[PDB]
Amino acid sequence: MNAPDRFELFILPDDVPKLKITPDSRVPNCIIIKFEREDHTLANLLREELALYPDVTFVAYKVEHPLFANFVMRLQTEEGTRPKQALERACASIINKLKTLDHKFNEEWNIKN
Amino acid sequence: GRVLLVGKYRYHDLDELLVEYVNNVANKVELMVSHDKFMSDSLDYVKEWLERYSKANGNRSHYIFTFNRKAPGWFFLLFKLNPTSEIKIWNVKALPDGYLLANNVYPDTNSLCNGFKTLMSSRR
Amino acid sequence: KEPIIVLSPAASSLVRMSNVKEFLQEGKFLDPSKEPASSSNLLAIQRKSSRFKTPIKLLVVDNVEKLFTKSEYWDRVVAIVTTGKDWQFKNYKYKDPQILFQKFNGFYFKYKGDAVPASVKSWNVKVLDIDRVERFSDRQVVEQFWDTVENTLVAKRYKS
Amino acid sequence: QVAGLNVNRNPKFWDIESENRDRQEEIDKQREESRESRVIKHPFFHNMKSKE
Amino acid sequence: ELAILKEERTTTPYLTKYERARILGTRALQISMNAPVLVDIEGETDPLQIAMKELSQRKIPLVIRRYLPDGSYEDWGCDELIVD
Amino acid sequence: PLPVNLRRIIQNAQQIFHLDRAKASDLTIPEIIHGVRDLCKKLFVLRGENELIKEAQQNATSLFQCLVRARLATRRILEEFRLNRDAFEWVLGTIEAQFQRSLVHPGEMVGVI
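As you go down the protein sequences, you meet chains A, B, C, D, E and F in turn. If you count the first sequence from 1, position 78 lands on 78 in the authors' numbering, and the numbers rise without skipping. If you count the second sequence from 1, position 13 lands on 1358 in the authors' numbering, and the numbers rise without skipping. If you count the third sequence from 1, position 102 lands on 307 in the authors' numbering, and the numbers rise without skipping. If you count the fourth sequence from 1, position 9 lands on 1250 in the authors' numbering, and the numbers rise without skipping. If you count the fifth sequence from 1, position 7 lands on 77 in the authors' numbering, and the numbers rise without skipping. If you count the sixth sequence from 1, position 71 lands on 1027 in the authors' numbering, and the numbers rise without skipping.
Structure follows, in structure tokens:
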């Protein structure tokens, strides 16, 4: 009776943006990113990719409630670098890693078949 | 109101208007009073003193400033080139950025005096 | 070179040039609305601390337009008092409040029980509460302010 | 179309001027308006006249 | 007769919690019924928050009449009672 | 069980005014004596000038005054706590305010409670 529709976990409403970025003025060069219709699958990947960058000084995420499909990320970088650029570099790096992983898997599957 | 207008000046709150306008105008008034060519007495006494000083020192032109009692926030610039010249009175308005004389903004009293002398030289 | 303390020239400020000396130095808070306005924008105060053998002389400046012609003066700033107004920072070294508040100590004085302004909560500034009735806590609030200022001074390795 | 009645407004049989004066006074009473003082909260604000 | 002169008032000079709750409720109801506000509201809209702001600045125009067990009473203004 | 925790107030004053280090105190003994004596006559439970009111007021605060005098003794203040003038005045004001806040409120339905 009060159960939400299951497609609401991944279908984005028209008036709800996929991504909202606000600065965190408490510390310098920090932003707060709100991801809509996402969960731990993207969050943990992005967090542990960003945590290995020398110019990233802080990265974390939290899912506030399991009944709502969203998470919020906090990202803080060095003075020279901007946090959004670090996020873009992380996304590109993971895409490249997945590309070479898929290539090697296809090669090995063709070899063994 | 969210927007306050004082002439061409635009402000966003009462405190901003106060600090940017009234304090600066008061500072300009204090600078005008502390200037050597100022006299706070009545206009007739200012004219008499200017006439006497011009008669005694007719080799130079003398200019003095006084309060505009009829128009608040203004000043009368009375200058007499020589005893044979009639006393001419000019209007100076106390603005936050300085003093407005002949549609020209002068940041300080000395700059105002220099501009007045330059205008007199150009008009001569 | 004595350090500089910058106050908000706004009339709504609880700390103004009229009562800054009696508050920060003497430890007694008086209502600035009832006190007459101070004509001088520069004042000198003395702070006695257990961290230092000798009293420290500090300069209090209300308006930085006529006193900060040189960039080296900003190196002496150890505290900034703001009223949550954006227009305070038009002529400052960092016209954006955020960078200024990460690079300088910001203090906001409010009466106890009043709601914090939205801009104040979004900035990195300390909040100090003065009770409307009880007057014994003024020394405690002044001690918190001076603890922050002395921590900044020791971190800057100032010589006195 | 307001005057839907054929009232005999003959000048010799109708008091035109009194009707005009009464109608003008009724418009001058429809011009009446309500007004009240303003209250502002500010430390340097005082509800005083210019001379005050 | 039943009124008690202001010089010999012996009740507590502090606003109790019941008086604070009742005063806030009454002032919020009056504000929600279009009563003039005596403080400058920046962006506040909730009547209870405006009433709390009025209370913090001692601008609530209400009087508390405290009843003694014998029937007499003392009148205290909201602006002369200490509120924490 | 008594009101106004004195140990907490004393350690709060020590933390606030940095009462560490072997620095000598400027708190004179008559100041201590008169401050404690005056504090023990401002703990108002009942208001009024009637003699019965004063007798009831003195009766109601006997145990608490014993506690305060036992803690805020001259030798104890000078040696164990090492208060200074500002700390002493802060402690006195705090004790008075907290005692005022611990009184029962008229209108309480203490029978049902």
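Note that the Cβ used here is the ideal one computed from N, Cα and C, for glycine as well.
Under 8 Å between beta-carbons, which chain E residues line up against F/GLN1056? List them in chain order, please.
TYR84
Using only alpha-carbon positions, find the residue among F/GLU1036, F/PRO986, F/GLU987 and F/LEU1059 that is nearest to F/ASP976.
F/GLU1036
Backbone CA spacing between A/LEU12 and A/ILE33 [nearest angstrom]
17 Å
Using the Cβ count rule (16 or more neighbours within 10 Å means buried), how would you classify D/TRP1255?
exposed
Given a limit of 8 Å on CB to CB distance, which residues of the segment 19–51 of chain A reach chain C?
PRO23, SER25, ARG26, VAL27 and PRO28
Short of 9 Å Cβ to Cβ, which residues in the segment 307–320 of chain C face chain E?
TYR316, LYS317, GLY318, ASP319 and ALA320
How is the alpha helix (DSSP H) around D/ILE1268 delimited, first residue to last?
1257–1271
Below 8 Å between beta carbons: does that hold for E/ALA98 and E/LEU75?
no
Ignoring anything shorter than 4 residues or poking outside the segment 313–353 of chain C, list the alpha helix (DSSP H) runs there in chain order.
323–326
So that I know if they touch, is there some Cβ in chain C lying closer than 8 Å to that of B/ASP1453?
no
Just checking B/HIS1407 against the ligand NAD - is the residue's beta carbon closer than 7 Å to any of the ligand's heavy atoms?
The ligand NAD is absent from the structure shown, which contains no ligands of any kind.
Report the neighbours of E/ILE130 on chain C: residues whose CB is nearer than 7 Å to its CB, in chain order.
Result: empty, since nearest Cβ-Cβ is about 14 Å, beyond 7 Å.
Contact with chain F by E/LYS123, beta-carbon distance below 8 Å
no
Are the segment 232–245 of chain C and the segment 1435–1454 of chain B touching by the rule of at least three beta carbon pairs closer than 8 Å?
no
Span separating the alpha-carbon of F/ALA978 from that of F/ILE985
19 Å
May I ask you to list, following chain order, the residues of the segment 326–352 of chain C that have a beta carbon less than 7 Å from some beta carbon of chain E?
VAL338
Output, in chain order, the set of chain D residues within a Cβ distance shorter than 9 Å of E/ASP110.
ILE1281, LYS1282 and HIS1283
From F/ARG1041, F/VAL1066 and F/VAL1060, pick the residue whose C-alpha is nearest to that of C/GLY232; which is it?
F/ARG1041
Once you ignore the five residues that flank B/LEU1395 on each side, which residues in its own chain have a CB closer than 8 Å to its CB?
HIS1407, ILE1409, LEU1423, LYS1425 and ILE1432
Spatial neighbours of B/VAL1378 in its chain, beta-carbon cut-off 8 Å, leaving aside the 5 residues before and after
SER1385
Could you pull out every residue in the same chain whose Cβ sits closer than 8 Å to the Cβ of residue 206 of chain E, ignoring the five residues on either side in sequence?
Only positions 71 to 154 of chain E appear in this structure, which leaves residue 206 of chain E out of reach.
Taking the continuous beta strand (DSSP E) assigned at B/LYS1373, which residues delimit it?
That residue, B/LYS1373, is in no beta strand (DSSP E); its alpha helix (DSSP H) goes 1368–1379.
Can at least three beta-carbon pairs, one atom from the segment 997–1009 of chain F and one from the segment 135–143 of chain E, be found at a separation below 8 Å?
no
Could you tell me which residues DSSP pairs with B/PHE1424 in its beta bridges?
B/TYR1408 and B/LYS1433
Short check: CB of F/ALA969 to CB of F/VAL1047, under 8 Å?
yes
For E/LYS87, go through chain F and note every residue whose CB falls closer than 7 Å to its CB, in chain order.
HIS1061
For A/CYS91, does the three-state DSSP call read helix, strand or coil?
helix
Range covered by the alpha helix (DSSP H) that runs through E/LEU94:
87–102
Top-ranked residue by Cα proximity to E/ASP149, from E/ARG128, E/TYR137 and E/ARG135
E/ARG128
Considering Cα atoms alone, identify which of C/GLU277, C/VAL286 and C/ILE210 is closest to C/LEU263.
C/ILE210
Selection from F/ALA1043, F/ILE1051, F/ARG1057 and F/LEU1034 that minimises the alpha carbon distance to F/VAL1024:
F/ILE1051
If you draw a straight line from the C-alpha of E/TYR137 to the C-alpha of C/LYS315, how long is it?
36 Å
To test your reading of the DSSP string, which unbroken beta strand (DSSP E) runs of 3 or more residues are found completely within the segment 112–151 of chain E?
133–137 and 143–147
Please decide whether F/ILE1051 counts as near chain C, where near means a Cβ-Cβ distance under 8 Å.
no
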